[PDB]
Amino acid sequence: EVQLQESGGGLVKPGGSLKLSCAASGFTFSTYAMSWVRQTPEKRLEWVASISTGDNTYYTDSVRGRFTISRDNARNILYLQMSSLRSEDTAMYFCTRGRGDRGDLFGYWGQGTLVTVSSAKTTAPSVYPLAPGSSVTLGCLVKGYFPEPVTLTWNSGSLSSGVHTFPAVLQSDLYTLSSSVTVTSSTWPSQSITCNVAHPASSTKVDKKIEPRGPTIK
Amino acid sequence: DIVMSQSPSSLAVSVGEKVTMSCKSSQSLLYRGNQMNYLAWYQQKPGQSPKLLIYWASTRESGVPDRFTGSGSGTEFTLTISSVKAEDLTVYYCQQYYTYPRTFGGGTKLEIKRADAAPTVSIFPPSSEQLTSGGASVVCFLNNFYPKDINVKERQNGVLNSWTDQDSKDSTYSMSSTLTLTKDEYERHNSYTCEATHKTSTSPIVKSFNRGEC
Amino acid sequence: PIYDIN
Numbered sequence: 001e002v003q004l005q006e007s008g009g010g011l012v013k014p015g016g017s018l019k020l021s022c023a024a025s026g027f028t029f030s031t032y033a034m035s036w037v038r039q040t041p042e043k044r045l046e047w048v049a050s051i052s053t054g055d056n057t058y059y060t061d062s063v064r065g066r067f068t069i070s071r072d073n074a075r076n077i078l079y080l081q082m083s084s085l086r087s088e089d090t091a092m093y094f095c096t097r098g099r100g101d102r103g104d105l106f107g108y109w110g111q112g113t114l115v116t117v118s119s120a121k122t123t124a125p126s127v128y129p130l131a132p139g140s141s142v143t144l145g146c147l148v149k150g151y152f153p154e155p156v157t158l159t160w161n162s163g164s165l166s167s168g169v170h171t172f173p174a175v176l177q178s179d180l181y182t183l184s185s186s187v188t189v190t191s192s193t194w195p196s197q198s199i200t201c202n203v204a205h206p207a208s209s210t211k212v213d214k215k216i217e218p219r220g221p222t223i224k
Numbered sequence: 001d002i003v004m005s006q007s008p009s010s011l012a013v014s015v016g017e018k019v020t021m022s023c024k025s026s027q028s029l030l031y032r033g034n035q036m037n038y039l040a041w042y043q044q045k046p047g048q049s050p051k052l053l054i055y056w057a058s059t060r061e062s063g064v065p066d067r068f069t070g071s072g073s074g075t076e077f078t079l080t081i082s083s084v085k086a087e088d089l090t091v092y093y094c095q096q097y098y099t100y101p102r103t104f105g106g107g108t109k110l111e112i113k114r115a116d117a118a119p120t121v122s123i124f125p126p127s128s129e130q131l132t133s134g135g136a137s138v139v140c141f142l143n144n145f146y147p148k149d150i151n152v153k160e161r162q163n164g165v166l167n168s169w170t171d172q173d174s175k176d177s178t179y180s181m182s183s184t185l186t187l188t189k190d191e192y193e194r195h196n197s198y199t200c201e202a203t204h205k206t207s208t209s210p211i212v213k214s215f216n217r218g219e220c
Numbered sequence: 008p009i010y011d012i013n
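Protein chains in written order, with the authors' numbering: chain H, 1 to 132, 139 to 224; chain L, 1 to 153, 160 to 220; chain C, 8 to 13.
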């Protein structure tokens, strides 16, 4: 009952501008200090900006002047305007709420929105199905796409364990992700299995049914 | 910019044993006026956002397992894990809020120790839709095994790879292997293999195929 | 002609 949701992330080219938004719910939004913390791809964390209950704004040295932290107590939203971005800004950005009601101590965090800043164009992905005992294993592969965030599911997100989605590996400005899933031999063909992939940036949702390979040549 | 520093970046504990992190400070975070320490601890299970663990350098956040404890003061703090479970796989950070430019430590990752396991291999030829659009890629899936150090492979020139973060559930790793190629070059050969060389396998474990079009 | 699917 204490929810925080990042928004408006994605990608901009070096020098551009962004405005991340963080919608809150489940507390008197005004009587708490809030902050923003990014996590570099090095996986090191970095405090970015904080804002008290009295609208006082505080920033770290690397982002002064460029970033602007602001709150809207009427609609319970917290923004982070990010103008003129270096490649240091490439990171995963979280909004936080003060653990107490005195300071900016990062008690409750959102899920984090990804912000990659580079020149390469926004390219849609390519979802390729993979098909070949006692328990069979099907696969799915996502090649060629550039921002980072993609979300691969299985049968509209209904699949249990056995799934092992592997992290994306960029090479030559095209991320390449893959994933696995294991069921019983008596469980597959008879029951449909679809690999769903979401790529918000090109605004595409792709579904790929996993059908066995076909005895067709020439 | 007060600098935090954490000792052994990498660790390797087993279930039930003791764990202790150390977070050194370059400036006293203990205000005499309130006699309060301005330091916190965080846990970030891989793939998630960090969660507040310890704050005021001692208080456990409401809803934190009591097997965590935070002692130390001033410029040398510590986090104590008495009986470590398998759900505690992550990295741990220490924050200071004594002063702005709020800083986190470098972070302390910890591996867990389970019994050695064998990697289940599964190999997939390129999809029918990949060859038609140009290019083709072979994949073999290594799944569930304790030693994350294992070489897997006959000319491997343009390969990729990816690793899972060690399973918080069963303390195991997994591996992908994207043997990328083009359409024509895939048809002009026939030796497609994926072998494993493990901590349990110098007598190896393989999973290959002869090309579907033969 | 698939050279062993299963």
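Every residue gets a Cβ at the ideal spot worked out from N, C-alpha and C, and that includes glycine.
Hey, out of the options, whose CA is closest to residue i's CA?
{"i": "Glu111 (chain L)", "options": "L:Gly134, L:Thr78, L:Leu52 and L:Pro46", "result": "L:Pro46"}
{"i": "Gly100 (chain H)", "options": "L:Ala40, L:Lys153, L:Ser9 and L:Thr178", "result": "L:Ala40"}
{"i": "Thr90 (chain H)", "options": "H:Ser198, H:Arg97 and H:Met82", "result": "H:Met82"}
{"i": "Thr31 (chain H)", "options": "H:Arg44, H:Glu46, H:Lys149 and H:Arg71", "result": "H:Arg71"}
{"i": "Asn13 (chain C)", "options": "H:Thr222, H:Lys224, H:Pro218 and H:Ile223", "result": "H:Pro218"}
{"i": "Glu76 (chain L)", "options": "L:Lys51, L:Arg114, L:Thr20 and L:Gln48", "result": "L:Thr20"}
{"i": "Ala131 (chain H)", "options": "H:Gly103, H:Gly150 and H:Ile199", "result": "H:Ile199"}
{"i": "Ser50 (chain H)", "options": "H:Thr40, H:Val187, H:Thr68 and H:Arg44", "result": "H:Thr68"}
{"i": "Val121 (chain L)", "options": "L:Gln96, L:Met36, L:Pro210 and L:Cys23", "result": "L:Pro210"}
{"i": "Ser214 (chain L)", "options": "L:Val3, L:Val152 and L:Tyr100", "result": "L:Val152"}
{"i": "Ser137 (chain L)", "options": "L:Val212, L:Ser127 and L:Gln48", "result": "L:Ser127"}
{"i": "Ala57 (chain L)", "options": "L:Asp66, L:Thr78, L:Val3 and L:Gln44", "result": "L:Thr78"}
{"i": "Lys18 (chain L)", "options": "L:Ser10, L:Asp149, L:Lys85 and L:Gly63", "result": "L:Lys85"}
{"i": "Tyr181 (chain H)", "options": "H:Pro41, H:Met92 and H:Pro155", "result": "H:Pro155"}
{"i": "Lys109 (chain L)", "options": "L:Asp1, L:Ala117, L:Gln95 and L:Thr90", "result": "L:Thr90"}
{"i": "residue 226 (chain L)", "options": "L:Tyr146, L:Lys51, L:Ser177 and L:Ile81", "result": "As displayed, chain L neither begins before 1 nor continues past 220, which places residue 226 (chain L) out of reach and without an answer."}
{"i": "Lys24 (chain L)", "options": "L:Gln44, L:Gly164, L:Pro8 and L:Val13", "result": "L:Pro8"}
{"i": "residue 159 (chain L)", "options": "L:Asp190, L:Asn216, L:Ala12 and L:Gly74", "result": "Because chain L is numbered 153 and then 160 with no intervening positions, residue 159 (chain L) cannot be located in this model."}
{"i": "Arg97 (chain H)", "options": "H:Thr123, H:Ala204, H:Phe152 and H:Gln3", "result": "H:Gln3"}
{"i": "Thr113 (chain H)", "options": "H:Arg102, H:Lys121, H:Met92 and H:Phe106", "result": "H:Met92"}
{"i": "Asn161 (chain H)", "options": "H:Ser184, H:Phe172, H:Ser140 and H:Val212", "result": "H:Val212"}
Go to residue i, then tell me how far its beta strand (DSSP E) extends in each direction, as first and last residue.
{"i": "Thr116 (chain H)", "result": "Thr113 to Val117"}
{"i": "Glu111 (chain L)", "result": "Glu111 to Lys113"}
{"i": "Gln130 (chain L)", "result": "First-last for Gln130 (chain L): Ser128 to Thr132, but that is the alpha helix (DSSP H), not the beta strand (DSSP E)."}
{"i": "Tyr192 (chain L)", "result": "First-last for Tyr192 (chain L): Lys189 to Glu193, but that is the alpha helix (DSSP H), not the beta strand (DSSP E)."}
{"i": "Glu46 (chain H)", "result": "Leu45 to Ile51"}
{"i": "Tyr59 (chain H)", "result": "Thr57 to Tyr59"}
{"i": "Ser137 (chain L)", "result": "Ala136 to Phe145"}
{"i": "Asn202 (chain H)", "result": "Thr200 to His205"}
{"i": "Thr75 (chain L)", "result": "Premise fails: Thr75 (chain L) is in no beta strand (DSSP E) and is neither H nor E."}
{"i": "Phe124 (chain L)", "result": "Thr120 to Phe124"}
{"i": "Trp160 (chain H)", "result": "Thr157 to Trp160"}
{"i": "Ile54 (chain L)", "result": "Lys51 to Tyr55"}
{"i": "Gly100 (chain H)", "result": "Premise fails: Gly100 (chain H) is in no beta strand (DSSP E) and is neither H nor E."}
{"i": "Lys24 (chain L)", "result": "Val19 to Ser25"}
{"i": "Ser5 (chain L)", "result": "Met4 to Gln6"}
{"i": "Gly10 (chain H)", "result": "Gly10 to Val12"}
Tell me residue i's beta-bridge partners as DSSP assigns them.
{"i": "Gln44 (chain L)", "result": "L:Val91"}
{"i": "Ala202 (chain L)", "result": "L:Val152 and L:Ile211"}
{"i": "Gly218 (chain L)", "result": "DSSP, once it has assigned bridges, lists no residue as partnering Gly218 (chain L)."}
{"i": "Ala23 (chain H)", "result": "H:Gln5 and H:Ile77"}
{"i": "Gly145 (chain H)", "result": "H:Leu130 and H:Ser186"}
{"i": "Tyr93 (chain H)", "result": "H:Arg38 and H:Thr113"}
{"i": "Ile69 (chain H)", "result": "H:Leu80"}
{"i": "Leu185 (chain L)", "result": "L:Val138 and L:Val165"}
{"i": "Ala12 (chain L)", "result": "L:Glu111"}
{"i": "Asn37 (chain L)", "result": "L:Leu30"}
{"i": "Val212 (chain H)", "result": "H:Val203"}
{"i": "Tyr181 (chain H)", "result": "H:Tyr151"}
{"i": "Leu18 (chain H)", "result": "H:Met82"}
{"i": "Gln172 (chain L)", "result": "Answer by DSSP bridge pairing: none, since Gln172 (chain L) is not bridged."}
{"i": "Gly63 (chain L)", "result": "None, per the DSSP bridge assignment."}
{"i": "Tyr179 (chain L)", "result": "L:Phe145"}
{"i": "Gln96 (chain L)", "result": "L:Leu39"}
{"i": "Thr69 (chain L)", "result": "L:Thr80"}
{"i": "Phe104 (chain L)", "result": "L:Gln95"}
Output yes if chain B places a C-beta closer than 8 Å to the C-beta of residue i; else output no.
{"i": "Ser208 (chain H)", "result": "Judged by its chain identifiers, the structure shown contains no chain B, and its protein chains are H, L and C."}
- Between the segment 187-220 of chain L and chain C, which residues of the former have a C-beta closer than 9 Å to a C-beta of the latter? Close to chain C, meaning a Cβ-Cβ distance shorter than 9 Å, are the following residues of the segment 187-220 of chain L: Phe215, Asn216, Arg217, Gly218, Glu219 and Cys220.
- Item | Against chain H: residues of the segment 127-153 of chain L by CB proximity under 9 Å | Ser127, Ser128, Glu129, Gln130, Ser133, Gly135, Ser137, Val139, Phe141, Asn143 and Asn144
- Message: Short of 7 Å Cβ to Cβ, which residues in the segment 59-83 of chain L face chain H?
- Response: Residues passing the 7 Å Cβ filter: none.
- What residues from the segment 101-119 of chain H come within 9 Å of chain L, judged by C-beta to C-beta, listed N to C? Here the close residues are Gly103, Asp104, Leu105, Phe106, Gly107, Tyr108, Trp109, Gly110, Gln111 and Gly112.
- Message: What are the residues in the segment 34-53 of chain H lying within 9 Å of chain L by C-beta distance?
- Response: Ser35, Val37, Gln39, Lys43, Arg44, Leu45, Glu46, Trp47 and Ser50
- Message: Can you pull out the residues from the segment 158-189 of chain H whose beta carbon lies closer than 7 Å to at least one beta carbon of chain L?
- Response: Hits within the stretch, in order: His170, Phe172, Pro173, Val175, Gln177, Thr182, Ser184 and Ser186.
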